Each structure stands twice: as C-alpha cells, then as structure tokens.
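One structure is given below, encoded as structure tokens.
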Amino acid sequence: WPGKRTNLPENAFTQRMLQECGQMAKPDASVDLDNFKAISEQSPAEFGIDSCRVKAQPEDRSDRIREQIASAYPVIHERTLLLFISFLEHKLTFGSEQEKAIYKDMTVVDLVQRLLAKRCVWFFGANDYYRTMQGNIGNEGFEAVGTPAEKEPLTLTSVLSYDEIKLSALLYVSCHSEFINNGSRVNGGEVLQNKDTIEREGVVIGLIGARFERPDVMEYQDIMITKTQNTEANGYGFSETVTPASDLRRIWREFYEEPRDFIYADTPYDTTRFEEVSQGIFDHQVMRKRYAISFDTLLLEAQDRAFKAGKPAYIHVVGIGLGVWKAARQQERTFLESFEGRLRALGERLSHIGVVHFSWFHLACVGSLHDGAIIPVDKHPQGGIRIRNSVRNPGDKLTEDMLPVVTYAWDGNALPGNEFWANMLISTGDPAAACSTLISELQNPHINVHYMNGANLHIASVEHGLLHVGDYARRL
Ligand SMILES: Nc1ncnc2c1ncn2[C@@H]1O[C@H](COP(=O)(O)OP(=O)(O)OC[C@H]2O[C@H](O)[C@H](O)[C@@H]2O)[C@@H](O)[C@H]1O
Ligand SMILES: [Cl-]
Ligand SMILES: [Cl-]
Ligand code: NI
C-alpha cells in the first residue's frame, strides 16, 4: 500500500479541480541573484546567522546557486493531491462560515500556496510555541482557528487551522543546495576552512513525520485510539445523520483506504497491529500507510533528481517522527517495514537509486533492511539498491560518484528550520538542516517566491513518476 492504480473520482468538483491543474504551466522566470538577495533582506522573519544565506556564498558559486534556486519546488504524493481536493469539497459543504468564505474560490494550487505562505514562522513543542507571519508570539490557541470562536491573532486569514496543518504534514519541499558544513546535529552554522571533507552540494528534502504530542489533532486522529477521542460523538466507528466531524473522518479513512475506524471499546485484541501506549492504543497498520506516503514521495523524488543528475542517488534517511515526536516503542520497526515495502513495490522505477542510508536508527535489522544488504531491482544498472544503517553526517564526502539526497525532519506549520527562526540553532534536525544548507531561503515561500509556490507544485506518481502538477493532471 498504496497500490499502483489510482481511481479518478467522477464528480464534477474533482473533474473541475483537475482541469484547472491541467492549465498550469511550469514557472521559468530567469533567476536574478541580486533581486533574490534583496527580497531576502526584506523577509518577515529575522536570521540569527548569515553563513547559510546566498549573500555569504562565494561569487564563483553564483551560477550554480542560480540553478539551485530554480530547482526548488513543493511536492506531494498523487494520493495526497486527491485528498486535498476532497478536503476542499468537505469544507465547502460542512465547514464554518469562516472556512466556507476562504475556500469558496480556492483551487488546489491556491490551497497549496496557502499551506506554504500562511504557515507559522516557527511552531514547536507539545504546547504550540509559535511566531506567526505577522510577528505574534504565544502558546496554543490553534484548536479554535477557523471556527466561530477564532480570535486575533489566530484567525483563518492569518494562520492555518489544525485541519489544514494535518494536510500540510503531507506537503514536502525539495531543492538542490550548497552544503555549508557536514550538517551534523550540532553544526550550528559553522563555516569550514575548506570543503575537502564534505560534498559541496546536493538535494535537500524536508519530510514530516507523524505528530502525536497534541491530543485529538494531526495523525493522532487516525493512528491513536483513545477513550475520549474515539467516540461516536466525534465521528468514529461508523441511519445516522452526517456531521462535519464524521464526514472529515470519512475523507481521511478513504485516503488511507481503511474500511473502518474505531470506537475505543470496539478495538480488536491484536498485538500484531495494536500497541498499548500511555494515551491509549497505537495502530501500526495506519502508521505504516502514513509512512508509505512520505516514503513514496521521497523515493520517486530522489529517482527523478538522480536521473536528471546522471548519477545514482545516495539517500541520507532520517527517522522522521522518531525523535522528539516518537510515540510508540515499535514505531521505528513500523518505519523500516514501511520503507522496505515501498522500495519493493516501486521496483523497476528506482533504477537511479544507489544507496539508501538509514542514519541514527536503533534497530540494526528489520526485514531485509540491515547494513550491507542489497534489495534487488529489476533492470537496475547496478543490480539493486544498497542498504546502510549507521550514523553519518548528511553532508559527509561520498566515496561513490552519487547524488546526495539529504532528508531532514520538518514540521507542517513552520518554515524550514523551524526553531532556527527563534535563534535556536542547535536543537533538532530541522535547525541543523537550515544551518548547514541554503534552504532557509531556497525553500522559503517568502524568499524563493518564484519557485517555492503552489504554481510550481510537483506530484509524485507511482505510474507517472515525478511531474509538475500541470503535466500530471493532463496525463489523467
Ligand atoms: N544527535 C543526533 N544526531 C542525529 N540524529 C539524531 C540525534 N538525536 C536524535 N536523532 C534522530 O533524528 C531523527 C529526527 O528527530 P527529530 O529531529 O527530533 O524529528 P521528529 O520528526 O521526531 O520531530 C520533528 C519536530 O521537531 C523539530 O522541531 C521539527 O521542526 C518538528 O517540530 C530521529 O531518528 C532521532 O532519533
Ligand atoms: Cl554569521
Ligand atoms: Cl574549498
Ligand atoms: Ni540480508
């Protein structure tokens, strides 16, 4: 899961949304480096350091940096695209007055631009410490966004709803970028005397794990089963009138192609699927599917980048969701089970994946994934995908001639780097990635405005590969 075949909904609203996608053209605005740097100096959030910025890079790197800037895009799974459409339909029918008025004329591309542009600058912790684009700082209050009890400064026109942030956890960012240092957790933006020990550049991908810190929102709604959340009143377990909550459960269940969700007392006694945790029950079957969406996007993206680079990809894989967001003891095993599954399902498509390197994992071996293993790939020019499992720094120099594809653990409601923008330069993987690359500008929708935008959305499709959304919709 997911399957290779996607089903096209026949209803007029979906057909119209796809028609509009099929009218989009790829942006091709010439990159003006001086214009970029000026935009960056006027960005609505302050940089604690400049060493990870375009302006601090050598002049002899300007040509490549211009290409890196134009190489950036947001990217979602083809199934995520259909989910976004179904979300718009659901909110236009069941949303509040506040929600209905902002989604009224919104296209798919517009919703994606909103998820990029209206996310907070930072947003971290179980109690939602935040800075909005308008500079307001506080804790909590996002549960009320987009409801008739919403209030300044957390209103739908300014910030995202938790229902939207849950969507945004499926929206990833990718670009080529200079590497400043080896990108260790504690790099803190340090500059090196020379880059003899590191790769000079590569692909950097912001992926987002599942978040369970905050009850009754995000992936907790789908994967966590608790006594207070999983009730008939909240739309679970479904001669009953449809409610907004129950309809929203249905579109997420249909996204995961699950035939039911659960009332707490109705959950089967089955430890191959369910794990008891402090909050209640953790459903590793739906967790595997949520991972599979992220991993499909990553692998199809890495394949496309590597094919255009003319060399195999070396993927630095991090445990998204397994750090400060770790929520179950078997979760890392579900992670690796899911990843092996997608490597095998995608099969011959991954001709240009060379090494998958799991960095900072506690399990040495899950299924066939252990250090030195090779997953065979039909017609792969090197016979298969090499697996590694050991700590490395993402920017370390490669002994093979391969394209480094560096993942970092991001956040659905924060700019790349997240607490980086609160001047916490050493914390989690997120500020470490911002400090050691150019993504704090190149993946920033308020700085890389011509390429990090909804109109440049790309789609990862099992059948059609990685395509700009216009090309993808036209092939449907
Ligand atoms: N010193 C280390 N060096 C490298 N990897 C490490 C280290 N310590 C832990 N890991 C592993 O690093 C991996 C990633 O752990 P995390 O960075 O917490 O990510 P998440 O997805 O759980 O939390 C994301 C949120 O935290 C940020 O604020 C974001 O913006 C979000 O708000 C795990 O395998 C860890 O075991
Ligand atoms: Cl500096
Ligand atoms: Cl050098
Ligand atoms: Ni083996």
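Each chain in the structure tokens gets a letter, A, B, ..., in the order shown, and its residues are numbered from 1; ligands are numbered from 1 in order too.
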
- Message: If we count only C-alpha atoms and set the cut-off at 12 Å, which residues sit around residue 34 in chain A, ignoring sequence neighbours fewer than 2 positions away in its own chain? Please answer as a VMD selection string.
- Response: chain A and resid 30 to 32 36 to 41 54 to 55 59 62 65 to 66

- Message: List as a ChimeraX atom specification the protein and nucleic acid residues lying within 7 Å of ligand 3, with only C-alpha atoms and all ligand atoms counted.
- Response: /A:194-196

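Considering only C-alpha atoms and all ligand atoms, the residues that reside within 12 Å of ligand 2 can be listed as residues 47, 48, 49, 50, 51, 52, 53, 54, 55, 56, 57, 180, 188, 189, 190, 191, 423, 425, 435 and 436 of chain A.
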
- May I ask which of the residues A:298, A:449, A:414, A:82 is the closest one to residue 343 in chain A, counting only C-alpha atoms?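 Closest residue, counting only C-alpha atoms: A:298.
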
Please give me, as a PDB file with C-alpha atoms, in the first residue's frame, the residues lying within 7 Å of ligand 1 when counting only C-alpha atoms and all ligand atoms.
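Below is the file pocket_37.pdb, written as the result:
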```
ATOM      1  CA  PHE A 123       5.838  26.267  15.732  1.00  0.00           C
ATOM      2  CA  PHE A 124       7.220  23.678  18.149  1.00  0.00           C
ATOM      3  CA  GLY A 125       6.590  21.828  21.372  1.00  0.00           C
ATOM      4  CA  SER A 184      25.765  17.411  11.944  1.00  0.00           C
ATOM      5  CA  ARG A 185      23.076  17.923  14.580  1.00  0.00           C
ATOM      6  CA  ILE A 208       7.412  15.458   8.043  1.00  0.00           C
ATOM      7  CA  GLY A 209       6.699  12.614  10.431  1.00  0.00           C
ATOM      8  CA  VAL A 318      16.468  10.259   8.975  1.00  0.00           C
ATOM      9  CA  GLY A 319      13.896   8.902  11.406  1.00  0.00           C
ATOM     10  CA  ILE A 320      11.153  11.469  10.792  1.00  0.00           C
ATOM     11  CA  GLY A 321       8.777  11.335  13.709  1.00  0.00           C
ATOM     12  CA  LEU A 322      11.137   9.126  15.772  1.00  0.00           C
ATOM     13  CA  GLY A 323      12.885  11.920  17.679  1.00  0.00           C
ATOM     14  CA  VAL A 324      11.027  14.446  19.788  1.00  0.00           C
ATOM     15  CA  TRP A 325       7.834  13.066  18.187  1.00  0.00           C
ATOM     16  CA  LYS A 326       8.444   9.366  18.982  1.00  0.00           C
ATOM     17  CA  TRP A 360      20.667   7.245  13.576  1.00  0.00           C
ATOM     18  CA  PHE A 361      18.360   4.243  13.970  1.00  0.00           C
ATOM     19  CA  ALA A 409      12.712  16.143   9.797  1.00  0.00           C
ATOM     20  CA  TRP A 410      10.441  19.153   9.184  1.00  0.00           C
ATOM     21  CA  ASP A 411       7.090  20.444  10.542  1.00  0.00           C
ATOM     22  CA  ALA A 414       6.786  26.078  10.298  1.00  0.00           C
ATOM     23  CA  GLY A 417      14.470  25.208  10.112  1.00  0.00           C
ATOM     24  CA  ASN A 418      11.524  25.887  12.473  1.00  0.00           C
ATOM     25  CA  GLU A 419      13.116  26.901  15.822  1.00  0.00           C
ATOM     26  CA  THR A 428      16.615  19.140  16.395  1.00  0.00           C
ATOM     27  CA  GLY A 429      17.309  18.017  12.849  1.00  0.00           C
ATOM     28  CA  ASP A 430      15.295  20.969  11.488  1.00  0.00           C
TER      29      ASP A 430
END
```

- Polymer residues at most 8 Å from range 164-168 of chain A, only C-alpha atoms, same-chain spacing of 2 or more positions, as a PyMOL selection string: chain A and resi 84+115+160-162+170-171+217-219+412-413

- Item | Expected selection as a list in words for ligand 4 within 7 Å, only C-alpha atoms and all ligand atoms | residues 368, 369, 370 and 373 of chain A

- Write out as a list in words each polymer residue whose atoms come within 8 Å of residue 202 in chain A, counting only C-alpha atoms; drop sequence neighbours fewer than 5 positions from it.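 Skipping anything fewer than 5 positions along the chain leaves residues 176, 177, 178, 179, 403, 404, 405 and 406 of chain A.
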
- Top pick for closest residue to residue 366 in chain A, considering A:339, A:472, A:420, A:122 and counting only C-alpha atoms: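 Of A:339, A:472, A:420, A:122, the one nearest residue 366 in chain A is A:339, counting only C-alpha atoms.
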
- What is the CA of residue 468 in chain A-CA of residue 25 in chain A distance in Å, reported with one decimal? 8.3 Å

- Query: Using only C-alpha atoms, which residues sit within 12 Å of residue 402 in chain A once same-chain residues fewer than 3 positions away are excluded, as a ChimeraX atom specification?
  - Reply: /A:199,201-203,302-303,305-307,309-316,352-356,397-399,405

- Message: For residue 458 in chain A, find every residue with an atom within 12 Å (counting only C-alpha atoms), except residues of its own chain fewer than 2 positions away, and show them as number ranges by chain.
- Response: A: 21, 24-27, 71-78, 80-81, 109, 112, 171-175, 297, 300-301, 304, 451-456, 460-461, 464-473

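The spacing separating CA of residue 45 in chain A from CA of residue 407 in chain A amounts to 23.8 Å.
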
- Task: Find the residues around residue 377 in chain A up to 6 Å (only C-alpha atoms counted), leave out those fewer than 6 positions away in its own chain, and share them as a PyMOL selection string.
- Result: chain A and resi 347-348+384

- Query: In range 10-158 of chain A, what's helix (DSSP H, G or I) per DSSP? Answer as an MDAnalysis selection string?
  - Reply: chainID A and resid 12:21 33:41 54:56 59:70 78:94 97:103 108:117 142:144

- Query: In Å, how far is it from CA of residue 127 in chain A to CA of residue 214 in chain A?
  - Reply: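 CA of residue 214 in chain A lies at a distance of 7.4 Å from CA of residue 127 in chain A.
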
Run DSSP on the backbone and give me the residues of range 81-327 of chain A it puts in strand (DSSP E), as a CSV table (one decimal) with N, CA, C and O atoms, in the first residue's frame.
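Below is the file that was written, out.csv:
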```csv
chain,number,residue,atom,x,y,z
A,122,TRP,N,7.8,29.9,13.2
A,122,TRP,CA,8.1,28.7,14.0
A,122,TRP,C,6.9,28.2,14.7
A,122,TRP,O,5.9,28.9,14.9
A,123,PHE,N,7.0,26.9,15.1
A,123,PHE,CA,5.8,26.3,15.7
A,123,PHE,C,6.4,25.0,16.3
A,123,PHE,O,6.6,24.0,15.5
A,124,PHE,N,6.6,24.9,17.6
A,124,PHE,CA,7.2,23.7,18.1
A,124,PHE,C,6.8,23.5,19.6
A,124,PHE,O,6.4,24.4,20.3
A,129,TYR,N,4.3,26.5,21.0
A,129,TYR,CA,5.0,27.8,21.0
A,129,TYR,C,5.2,28.3,19.5
A,129,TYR,O,5.7,27.5,18.7
A,130,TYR,N,4.7,29.5,19.2
A,130,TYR,CA,4.6,29.9,17.8
A,130,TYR,C,5.0,31.4,17.6
A,130,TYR,O,5.0,32.2,18.5
A,131,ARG,N,5.4,31.7,16.3
A,131,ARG,CA,5.5,33.0,15.8
A,131,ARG,C,4.8,33.1,14.5
A,131,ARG,O,5.2,32.4,13.5
A,137,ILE,N,3.6,36.2,18.9
A,137,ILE,CA,4.2,35.1,19.6
A,137,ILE,C,3.4,34.7,20.8
A,137,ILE,O,2.8,35.5,21.5
A,138,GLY,N,3.3,33.4,21.0
A,138,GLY,CA,2.4,32.9,22.0
A,138,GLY,C,2.5,31.4,22.2
A,138,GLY,O,3.3,30.7,21.5
A,139,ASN,N,1.6,30.8,23.0
A,139,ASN,CA,1.4,29.4,23.2
A,139,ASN,C,0.0,29.0,22.9
A,139,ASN,O,-0.9,29.7,23.5
A,172,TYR,N,5.7,18.3,1.1
A,172,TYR,CA,7.2,18.3,1.3
A,172,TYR,C,7.8,19.3,0.4
A,172,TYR,O,7.2,19.8,-0.5
A,173,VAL,N,9.1,19.7,0.7
A,173,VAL,CA,9.8,20.7,-0.1
A,173,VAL,C,11.2,20.0,-0.5
A,173,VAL,O,11.8,19.3,0.2
A,174,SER,N,11.6,20.4,-1.7
A,174,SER,CA,12.9,19.9,-2.2
A,174,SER,C,13.6,20.9,-3.1
A,174,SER,O,13.0,21.6,-3.8
A,175,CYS,N,14.9,20.9,-3.0
A,175,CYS,CA,15.7,21.7,-3.9
A,175,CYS,C,17.2,21.2,-3.9
A,175,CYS,O,17.6,20.5,-2.9
A,176,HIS,N,17.9,21.5,-4.9
A,176,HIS,CA,19.4,21.4,-4.9
A,176,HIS,C,19.9,22.6,-4.0
A,176,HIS,O,19.3,23.7,-4.0
A,177,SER,N,21.0,22.4,-3.3
A,177,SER,CA,21.5,23.4,-2.5
A,177,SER,C,23.0,23.2,-2.1
A,177,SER,O,23.4,22.0,-2.0
A,178,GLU,N,23.7,24.3,-2.0
A,178,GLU,CA,25.1,24.2,-1.4
A,178,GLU,C,25.0,23.6,0.0
A,178,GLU,O,24.0,23.7,0.7
A,201,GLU,N,27.5,20.1,-2.5
A,201,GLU,CA,26.0,20.4,-2.7
A,201,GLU,C,25.3,19.1,-2.9
A,201,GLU,O,25.9,18.0,-3.0
A,202,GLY,N,24.0,19.2,-2.9
A,202,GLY,CA,23.1,18.1,-3.1
A,202,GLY,C,21.6,18.5,-3.0
A,202,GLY,O,21.3,19.7,-2.9
A,203,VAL,N,20.8,17.5,-3.1
A,203,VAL,CA,19.3,17.6,-2.9
A,203,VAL,C,19.0,17.6,-1.4
A,203,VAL,O,19.6,16.7,-0.7
A,204,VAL,N,18.2,18.5,-1.0
A,204,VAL,CA,17.8,18.5,0.4
A,204,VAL,C,16.2,18.4,0.4
A,204,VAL,O,15.6,19.2,-0.3
A,205,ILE,N,15.7,17.5,1.2
A,205,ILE,CA,14.2,17.3,1.2
A,205,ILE,C,13.7,17.4,2.6
A,205,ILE,O,14.1,16.6,3.5
A,206,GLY,N,12.8,18.3,2.8
A,206,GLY,CA,12.0,18.4,4.1
A,206,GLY,C,10.8,17.5,4.1
A,206,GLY,O,9.8,17.8,3.5
A,207,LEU,N,10.9,16.4,4.9
A,207,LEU,CA,9.8,15.5,5.1
A,207,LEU,C,9.3,15.7,6.5
A,207,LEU,O,10.0,16.3,7.4
A,224,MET,N,-3.9,7.0,16.6
A,224,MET,CA,-4.1,6.9,18.1
A,224,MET,C,-5.6,6.6,18.4
A,224,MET,O,-6.5,7.3,17.8
A,225,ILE,N,-5.8,5.6,19.2
A,225,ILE,CA,-7.2,5.3,19.7
A,225,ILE,C,-7.3,5.5,21.2
A,225,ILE,O,-6.5,4.9,21.9
A,274,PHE,N,-2.0,-3.5,17.0
A,274,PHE,CA,-2.2,-2.5,18.0
A,274,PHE,C,-1.2,-2.6,19.1
A,274,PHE,O,-0.9,-3.7,19.6
A,275,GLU,N,-0.6,-1.5,19.6
A,275,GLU,CA,0.3,-1.4,20.7
A,275,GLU,C,-0.3,-0.5,21.7
A,275,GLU,O,-0.8,0.6,21.4
A,276,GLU,N,-0.3,-1.0,23.0
A,276,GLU,CA,-0.7,-0.2,24.1
A,276,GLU,C,0.3,0.9,24.4
A,276,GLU,O,1.5,0.6,24.6
A,277,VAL,N,-0.1,2.1,24.5
A,277,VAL,CA,0.7,3.2,24.9
A,277,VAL,C,0.0,4.1,25.9
A,277,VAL,O,-1.1,3.8,26.3
A,280,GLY,N,-3.4,5.4,25.0
A,280,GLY,CA,-4.4,4.5,24.6
A,280,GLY,C,-3.9,3.4,23.7
A,280,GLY,O,-3.0,2.7,24.2
A,281,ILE,N,-4.3,3.3,22.5
A,281,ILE,CA,-3.9,2.3,21.5
A,281,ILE,C,-3.3,3.0,20.3
A,281,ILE,O,-3.8,3.9,19.8
A,282,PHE,N,-2.2,2.4,19.8
A,282,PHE,CA,-1.4,2.9,18.7
A,282,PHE,C,-1.6,1.9,17.5
A,282,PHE,O,-1.3,0.7,17.7
A,283,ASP,N,-2.1,2.4,16.4
A,283,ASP,CA,-2.5,1.5,15.3
A,283,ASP,C,-1.3,1.5,14.3
A,283,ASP,O,-1.2,2.4,13.4
A,313,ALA,N,21.5,8.0,-6.8
A,313,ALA,CA,21.2,8.8,-5.6
A,313,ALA,C,21.7,8.1,-4.4
A,313,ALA,O,21.7,6.8,-4.3
A,314,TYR,N,22.3,8.8,-3.5
A,314,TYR,CA,22.7,8.4,-2.1
A,314,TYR,C,21.8,9.0,-1.1
A,314,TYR,O,22.0,10.2,-0.8
A,315,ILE,N,20.8,8.3,-0.6
A,315,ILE,CA,19.8,8.9,0.2
A,315,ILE,C,20.2,8.8,1.7
A,315,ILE,O,20.3,7.7,2.3
A,316,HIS,N,20.3,10.0,2.3
A,316,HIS,CA,20.5,10.1,3.8
A,316,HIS,C,19.1,10.1,4.4
A,316,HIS,O,18.5,11.2,4.4
A,317,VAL,N,18.7,9.0,5.0
A,317,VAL,CA,17.3,8.9,5.5
A,317,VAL,C,17.4,9.1,7.0
A,317,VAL,O,18.1,8.4,7.8
```

- Task: Measuring atom to atom with only C-alpha atoms, identify which of A:267, A:255, A:140, A:441 is nearest to residue 6 in chain A.
- Result: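 Smallest distance to residue 6 in chain A is found for A:255.
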